4 protein chains.
Amino acid sequence: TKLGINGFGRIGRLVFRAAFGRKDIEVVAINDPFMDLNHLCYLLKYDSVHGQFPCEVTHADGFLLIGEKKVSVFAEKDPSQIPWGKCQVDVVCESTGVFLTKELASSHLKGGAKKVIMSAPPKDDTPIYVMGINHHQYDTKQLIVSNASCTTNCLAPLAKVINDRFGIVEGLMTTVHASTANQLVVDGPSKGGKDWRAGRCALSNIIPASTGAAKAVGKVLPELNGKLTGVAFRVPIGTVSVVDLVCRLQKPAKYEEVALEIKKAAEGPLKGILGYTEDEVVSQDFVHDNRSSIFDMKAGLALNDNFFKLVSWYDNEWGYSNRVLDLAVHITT
Amino acid sequence: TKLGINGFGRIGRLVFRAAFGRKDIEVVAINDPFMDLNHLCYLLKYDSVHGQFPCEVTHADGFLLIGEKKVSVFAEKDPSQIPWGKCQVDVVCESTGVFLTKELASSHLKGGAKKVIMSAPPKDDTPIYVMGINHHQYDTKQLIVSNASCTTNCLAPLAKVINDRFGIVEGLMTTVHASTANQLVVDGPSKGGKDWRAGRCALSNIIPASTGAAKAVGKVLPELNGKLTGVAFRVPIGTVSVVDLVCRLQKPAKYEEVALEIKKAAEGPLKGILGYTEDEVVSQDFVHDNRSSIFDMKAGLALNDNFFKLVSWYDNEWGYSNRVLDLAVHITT
Amino acid sequence: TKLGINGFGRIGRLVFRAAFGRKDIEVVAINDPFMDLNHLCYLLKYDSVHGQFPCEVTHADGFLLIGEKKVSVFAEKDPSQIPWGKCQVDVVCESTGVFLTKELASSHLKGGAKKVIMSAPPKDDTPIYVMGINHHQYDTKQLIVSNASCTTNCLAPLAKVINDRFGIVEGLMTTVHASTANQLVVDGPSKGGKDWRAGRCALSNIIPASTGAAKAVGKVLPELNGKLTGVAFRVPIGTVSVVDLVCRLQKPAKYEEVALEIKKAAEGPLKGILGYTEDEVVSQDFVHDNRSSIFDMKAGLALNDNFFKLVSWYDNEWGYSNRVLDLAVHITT
Amino acid sequence: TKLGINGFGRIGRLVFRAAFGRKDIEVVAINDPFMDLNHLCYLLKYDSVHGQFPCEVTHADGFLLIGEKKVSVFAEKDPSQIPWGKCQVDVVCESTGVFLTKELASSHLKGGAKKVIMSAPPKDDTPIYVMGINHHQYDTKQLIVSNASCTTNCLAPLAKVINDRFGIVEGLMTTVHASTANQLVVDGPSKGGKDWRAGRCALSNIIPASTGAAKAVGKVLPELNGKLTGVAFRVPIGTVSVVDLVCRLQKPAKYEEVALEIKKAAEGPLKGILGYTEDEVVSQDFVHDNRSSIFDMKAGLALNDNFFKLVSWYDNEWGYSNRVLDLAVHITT
Ligand SMILES: NC(=O)c1ccc[n+]([C@@H]2O[C@H](COP(=O)([O-])OP(=O)(O)OC[C@H]3O[C@@H](n4cnc5c(N)ncnc54)[C@H](O)[C@@H]3O)[C@@H](O)[C@H]2O)c1
Ligand SMILES: NC(=O)c1ccc[n+]([C@@H]2O[C@H](COP(=O)([O-])OP(=O)(O)OC[C@H]3O[C@@H](n4cnc5c(N)ncnc54)[C@H](O)[C@@H]3O)[C@@H](O)[C@H]2O)c1
Ligand SMILES: NC(=O)c1ccc[n+]([C@@H]2O[C@H](COP(=O)([O-])OP(=O)(O)OC[C@H]3O[C@@H](n4cnc5c(N)ncnc54)[C@H](O)[C@@H]3O)[C@@H](O)[C@H]2O)c1
Ligand SMILES: NC(=O)c1ccc[n+]([C@@H]2O[C@H](COP(=O)([O-])OP(=O)(O)OC[C@H]3O[C@@H](n4cnc5c(N)ncnc54)[C@H](O)[C@@H]3O)[C@@H](O)[C@H]2O)c1
Ligand SMILES: NCCc1ccc(S(=O)(=O)F)cc1
Ligand SMILES: NCCc1ccc(S(=O)(=O)F)cc1
Ligand SMILES: NCCc1ccc(S(=O)(=O)F)cc1
């Protein structure tokens, strides 16, 4: 399984990183035009949140070197001009943040790539998949797909398990989200005039933000269509975010029973995707945690037999980056 | 109205500051045994969040000097030993955090103080009052009372207005809360071994926390008893906190109607307590805002006609501090 | 004195705000093409550091409205086209960061501006001035000038006084610097690929940075040319930076005497530019302090009678912005 | 070597951790009365900076269990009451911060411990030892020693190398120091009324601080007595600090040569203690680096052939904790 990476940013680089540890998938090419090979290597060797790269990194003959493996590096603004074909790339991890329609992402297909995974929710009707939730509903005919957002990957397993046993009538979600590259260090104009709040100083603000993440749950779980939505607060934190789902349940239950059901899934049919802790955890405890969702039993509570607050952690960078690789293997195999 | 301050902390010093800009109330006496007079002045003079004290601040003969006015300074650990009576104190602002029961707080009365306000939720059944909400129900025969928490002061006005018109069936609250003095700069043991998470690094964590702030709305508004509770996440922010109320209503509404109902309350009955904004605000926009609650119209949303997320901001330090003075004025006059 | 502003960023907007107060200078025109008018009002009305604009900000018919005062707003990329002459502009504040040569800035003269001040050090041999130091050496024939950097404005007053009285033989400088717009919220590529370190996450890092600011003190004080240089460390701080000057003196001295000579200057001829304190201050105490440099007596020390560490604070945004105005007024009168 | 730990804080817990990977040293007993067993397991297991403990941490029958190995846990305020003798403790890591005196530390010897290491500079005459610089001078008859400060362990190796080769005429230091447990989350009164600035908000401030770490280098390298001193600035950073030495040299040198000397020291006699890099590094890159000092070639510079600014990083927590073990093993074998 040969992977290509378009946009060697936080997601691009950590996807590269997770892929090094996996035997079944291999990175063969990278593209980023805001980055010379000298600069690119620097940014990969050092990382402020996840530590240094697990082995030596040099460049040679326009390639990137990780032991006995060469990796092509390109610097093209236009995806139609990236030579994926010559590297026999099976899947392109589209992680720039600006090619989020079927039309724009199909430019990768023109360059010789077989299939594409947007590392974000699409702006159009592109099919969305969450590993562990609806990934088996994929078929090889779909060449361009989305792996949703980190928040959707955190929310979907939690909702699926609660909905199958108890039945979610309606739910509203809040995610307290770690910092992202779309934000600014000092009050300034946000990109293209959209989302003014995200241009406000990241270091000292709680910043309200819209998200479709919870509304997207209805795409990967049709049954919950129109039954979920939410908002986000961005806060000055390196990585790790948390979802807080307030939902009303059809079948009544104590909080103890809800927790045990989530424990059952995390230990059985959702091992590796959904996790369960009863510890007094805080955000830094999930730095570099590869799961999509870790239910925090003690943070949440119940108002009554039918109204619950359910709390789940996620490393927005690491968890998600591992899911891109899982999906990339799945669609190719 | 002659005020005394026990515990010259974040609340004590900002209570002193607010009272400096009011003619109807003045601080005559201060007690803090963990603070010598030179130290006290220094801490009053400078402030990391709210700037330098708007005044020449000095001391002489054991008195604090704010312009042409002398303030009495004490340093007893036992409140019983503070000569409040000789300073002719009408109300004592109990802002130490360690005298939150009617038995402990009554020693101020034994020191001569006529009345006491607990600047926090009580640990017993001491009466709780929130300006704008139930302060007219105060009986002068009550010598010791509590002004609740900053979070309750934010949530109750919001909940009141919404419940008066639409009726709240149930509700769960999250507050994303700024930093407080019970937290630690690096990972350590929390005082008494209680609330382990709050001992974790304040600078780099999202920290789950319990709170009775929502349950206690039921005390100030009996009609909502058993219908509200919540949780909190602490974040590395200087001041300003935000409440997210997910509530289910009986009378259906569009989001715009709910917003309008809050607007008219804010410009009418609850003017000065509850505020309204449709601007793209972030937390630092409410530093030194003296309102108890500021509804953020564009940050909230509705899922359907009976299920809402309503967002409100508060300067947990400065808002609450002015509330302590309005309650001090009320229970005296 | 009619001022125009090119680039409405941190320095652009803060010059604007500084000017609003003063009765001897006024902003008549603004230009910034990465900013729609509605968005410009938003950035002007709210500030994460210096609080809400002390006045109603609106717009109508393409004009910025401050109360009832109309300010003209353009969105041009070629300063030649900005109609400065139409607005009778005496000085243009060049605060984009990308017109720092004589060739580039002189497009403002062809647009009708009478003179230009660069809000940064120049790339070429454009004359540099610092108020209090060498501003009297400016002659009216010079149409394009520079106000240097915030750091140079901090150091040069301190440098002049120490060298005037004692004689600086050599010296080296570290500034610990607040965060600036050239930095990123998460690890990424810095612009143009210059200074890889500045692209590293700003929230969690101490980031070494080059600075010519200390070498630039030679150009404003020829006598010290070759005898000073230094480096910088960027830290997660909103505003306020500190200079730390290690230096050797020709004539020997005690720390007290050095300190008293700075006190004499700060309360005498350099009043308003160089300040002095013996208080136990921290960076937040100089937020919105309009002086160029404030010497911190207790923070510095001597090793011997010829070798000293001298410490001085500066709000790198506010002090500098006010300096820009002083220069503008000076060069016009 | 059987190690005991009094004070299970940042240094205590990370000393425990480093030992877990060392065969030449083992922890048999811990004392910390501010933290019961359930709480102590939590703090060991989770770490906000260095990640989770790399092992299952549990407890039974009053013992801390790291796998099969049982560790005794006392809760004793009076260090003379700890029964170190019953556990055959060779060395006590005295890392509480409140027993920095021969007389006070010697109460560990009454408990049965053979020897004691102060994890900090002493308040009295106690012998200081930096590994790699002066440790070989230790005599087995000295039962109580100090391992100096993180800052001194960073500057000493550098100063040694520079002085041996070029001759340090005089020097002044500045350290930018990561956050420490003596600071406060919000403006407050520091312990004992000492160091007022350390009580100011850790999250939002650059905070000046005194330090004898530079002067103490003259104690471990007598040739440098009276030639070094300096100051510190605290910044909102989890761990990793930097030293900035401005020094005059007796023999003139090109900066390239000064770097080359440090390189061969780091690859030869000071391998493991003193490090060297030419990479564009930032503070986060040295998290969990076990060296005491990492020279940063590109950060520093020279003013002339005699006057240099030399820059070096250190993980104040992890580097130091590793040196405590080295000293413990050395004073026992
Ligand atoms: N970081 C997260 O928490 C997170 C989680 C899940 C999904 N995502 C999504 O992944 C995407 C990338 O996010 P990120 O956080 O890595 O942002 P980022 O800014 O760190 O990375 C984007 C990278 O793409 C590069 N790029 C820009 N234009 C390009 C072009 N024309 N061609 C090729 N490369 C280009 C940039 O130089 C940059 O390195 C976004 O859509 C984001 O929403 C982010
Ligand atoms: N800061 C907020 O966001 C906020 C908002 C609302 C309510 N409160 C409440 O107000 C109370 C104080 O909060 P704070 O943040 O100001 O805490 P703080 O640490 O800033 O202040 C507590 C002060 O009490 C003093 N003190 C301790 N023991 C004392 C005693 N024995 N006698 C006299 N003084 C003593 C301390 O010296 C300290 O200055 C708490 O109960 C808190 O819940 C805080
Ligand atoms: N903030 C400080 O501490 C400080 C202090 C001293 C000097 N400076 C200098 O002042 C300059 C500006 O810095 P800043 O901090 O305001 O950064 P900033 O990003 O806040 O300001 C730049 C602004 O200029 C605008 N702009 C960019 N290109 C433009 C163009 N070609 N035409 C018109 N407008 C354009 C942008 O919209 C932006 O708002 C820099 O050169 C900086 O070195 C900054
Ligand atoms: N943290 C650093 O960057 C660093 C680096 C070098 C040296 N040091 C030194 O190490 C010492 C400890 O620092 P820290 O950062 O670990 O502080 P810390 O606050 O994290 O740890 C101190 C521990 O001692 C415990 N304690 C208090 N009184 C006690 C008593 N009577 N008996 C037993 N335990 C008691 C506390 O509960 C706490 O857990 C300080 O003197 C400091 O100067 C710290
Ligand atoms: N360079 C900006 C790319 C980008 C755009 C959006 C995000 S998001 O995760 O906030 F949606 C992250 C990064
Ligand atoms: N001195 C610490 C006392 C204290 C105790 C509690 C708080 S709280 O507002 O977080 F509940 C704040 C301060
Ligand atoms: N309990 C606080 C103990 C302590 C005391 C001092 C420090 S210091 O490293 O700043 F000198 C660190 C920790």
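When we count neighbours, we look across all protein chains shown, and the Cβ atoms used for this are built from the backbone with ideal geometry, even at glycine. Bear in mind that the values in this text are calculations on the coordinates, not laboratory data.
Points to keep in mind about this one:
- Cut-off under 5 Å, modelled amide H: who pairs with C:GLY300 long-range: C:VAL311
- For chain B, the 222 nm mean residue ellipticity estimated from helices alone, with every DSSP H stretch of n ≥ 4 adding -39500 (n - 2.57) and the total spread over all residues, rounds to -6500 deg cm²/dmol.
- Computed from backbone phi with θ = phi - 60° and the Karplus coefficients 6.51, -1.76 and 1.60, the 3J(HN,Hα) list for the stretch D:219-232 is 7, 8, 10, x, 4, 9, 4, x, 9, 10, 7, x, 9, 10 Hz; x is used for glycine and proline.
- For the set B:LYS77/D:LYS114; B:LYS86/B:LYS219; A:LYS86/A:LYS194; B:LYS69/B:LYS114; A:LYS70/C:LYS123; B:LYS191/D:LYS194, the pairs lying more than 32 angstrom apart at their alpha carbons are B:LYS77/D:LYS114; B:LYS86/B:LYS219; A:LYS86/A:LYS194; A:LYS70/C:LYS123.
- Note that the stretch D:207-263, at 37 °C in a medium of 0.692 mPa s, gets a Stokes-Einstein diffusion coefficient of 239 µm²/s from its Kirkwood radius over C-alpha pairs.
- Among residues other than B:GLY171 with Cβ under 13 Å from its Cβ, the summed charge is +4 (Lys and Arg +1, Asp and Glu -1).
- In plain terms, the C-alpha convex hull of the stretch D:32-150 casts an average shadow of 8.7 nm² when viewed from every direction.
- Restricting the GluC sites (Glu not before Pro) of the stretch D:276-327 to loop positions (DSSP other than H, G, I, E, B) with no more than 15 neighbouring Cβ atoms within 10 Å leaves D:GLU278.
- Here the calculated FRET efficiency for C:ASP139 and D:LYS271, from their Cβ-Cβ distance with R0 = 45 Å, stands at 0.15, rounded to the nearest 0.05.
- With all pairs of different C-alpha atoms in the average, the Kirkwood value for the hydrodynamic radius of the stretch B:233-333 is 14.6 Å.
- Loop sites in the stretch B:203-262: trypsin sites (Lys or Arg not before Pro), DSSP, at most 15 other Cβ within 10 Å: B:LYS254
- Long-range Cα-Cα pairs in the stretch B:278-333 (distance over 13 Å), rounded percent: 65 percent
- Normalised by the number of residues in the stretch B:148-316, the mean separation of alpha-carbon contacts (under 8 Å, six or more apart) gives a relative contact order of 28 percent.
- Taking the inverse of the mean reciprocal distance over all distinct Cα pairs, the Kirkwood hydrodynamic radius of the stretch C:148-316 comes to 16.4 Å.
- Chain C: Rg to Rh, with Rh as the Kirkwood radius over Cα pairs: 0.97
- Chain D, relative contact order in percent, only Cα pairs under 8 angstrom and at least six apart counted: 17 percent
- Tail weight of P(r) past 20 Å, computed on alpha-carbon pairs of the stretch D:135-228, percent: 51 percent
- Modelled spin-label separation between C:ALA75 and C:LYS23, with each label point placed 7 Å from Cα along the Cα-to-Cβ direction: 3.7 nm.
- Extension gain from B:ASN225 to B:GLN88, taking 0.36 nm per residue of separation minus the Cα-Cα distance: 45.5 nm
- Note on chain C: GNM, Cα springs under 10 Å; of C:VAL281, C:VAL15, C:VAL116, the largest mean-square fluctuation is that of C:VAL281.
- Using the Cβ-Cβ distance between C:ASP36 and C:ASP279 with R0 = 51 Å, the FRET efficiency computed as 1/(1 + (r/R0)^6) comes to roughly 0.70.
- Taking max minus min of the alpha-carbon positions on each principal axis, the stretch D:35-105 gives extents of 38, 29, 21 Å, largest first.
- Cα-derived Rg over Rh, computed across the stretch D:122-180 with Rh taken as Kirkwood radius: 1.01
- Rounded to whole numbers, the Karplus 3J(HN,Hα) couplings from phi for the stretch A:202-212 are 6, 6, 10, 10, 8, 10, x, 8, 7, 8, x Hz, using 6.51 cos²θ - 1.76 cosθ + 1.60 with θ = phi - 60°, and x at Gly and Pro.
- Sorted by Cβ density within 10 Å, fewest first, the residues D:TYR276, B:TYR320, B:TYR138: B:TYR138, D:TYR276, B:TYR320
- The spread of Cα positions in the protein assembly as shown, taken along each principal axis and listed from longest to shortest, comes to 84, 83, 77 Å.
- Restricting attention to chain D, close to 50% of DSSP beta bridges with both partner residues there are antiparallel.
- Reachable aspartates and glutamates, given that their alpha-carbon falls under 14 Å from the alpha-carbon of C:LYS102 and they are not under 8 places away in the same chain: C:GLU94, C:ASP124, C:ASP125
- Debye-formula intensities of the stretch D:242-286, expressed as log10 I(q)/I(0) at q = 0.21, 0.27, 0.29, 0.34 Å⁻¹, are -0.93, -1.18, -1.18, -1.15 (one equal scatterer per alpha-carbon, no solvent).
- Cα centroid separation, the stretch A:106-133 to the stretch D:24-61: 45 Å.
- The distance from the alpha carbon centre of the stretch D:218-236 to that of the stretch D:63-105 is 31 Å, rounded to a whole number.
- Dimensions of the stretch A:81-237 along the principal axes, based on C-alpha atoms and rounded to the nearest Å, stand at 47, 46, 22, largest first.
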